[PDB]
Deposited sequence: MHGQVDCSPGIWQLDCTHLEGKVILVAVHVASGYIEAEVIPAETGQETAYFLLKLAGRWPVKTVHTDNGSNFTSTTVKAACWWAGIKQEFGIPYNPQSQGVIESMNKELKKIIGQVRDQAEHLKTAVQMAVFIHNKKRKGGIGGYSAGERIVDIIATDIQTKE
């Protein structure tokens, strides 16, 4: 799968909104709890994501997520295109969030604990998602 492809969705938990990005090739995730499910929050999240990784295309399971002018501006500026030509991790990450939830006060804190647990887990049968993304991208540079 192309190293430049990401998937972005929002899930809902405890009346809050979790924006989840998945690097499709590796299974690596990054997430944030956002104060509203809005184009502006999506646009801002995409700018951060694009500054870190070489983001070429983004897919989502809710196409209307990407109609706002604010999202279109962020994909224009960062040189991102929509991927139409294509988990849920939102289940497995939700599973981890449930497992750690009582260990933190704020949902956002549990989310980041779950991201960390997910990305560091050896998928032995055996590198972790965090190891795979770095390998996939580094290899693609060369």
Deposited sequence positions missing from the model - stretches, numbered from 1, in order: 1-6, 93-102, 142-143, 161-163
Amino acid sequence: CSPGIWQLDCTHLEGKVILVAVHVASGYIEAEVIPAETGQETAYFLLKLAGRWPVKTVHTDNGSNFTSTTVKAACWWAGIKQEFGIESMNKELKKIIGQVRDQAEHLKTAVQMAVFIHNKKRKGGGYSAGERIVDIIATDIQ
From here on, numbers count along this sequence of modelled residues.
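In this text, the rigid core denotes the largest set of C-alpha atoms whose superposition between the two forms falls within 1.5 Å.
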Rigid core superposition result in 4 other deposited structures of this protein, more deviant of 77-85, 105-113 by Cα: 77-85
Higher C-alpha RMS shift from the shown form in 4 other deposited structures of this protein - 88-96 or 38-46, rigid core fit: 88-96
Unresolved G126 in a third or more of other entries flanked by modelled residues: no
Mean Cα B-factor comparison, 46-54 or 89-97, giving the higher one as deposited: 89-97
Stretch with the higher entry mean CA B-factor, where the candidates are 108-116 and 29-37: 29-37
Third of chain Cα B-factors occupied by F66: middle
Cα B factor band for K123 (lowest, middle or highest third within the chain): highest
Assigned third (lowest, middle, highest) for the C-alpha B factor of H12: highest
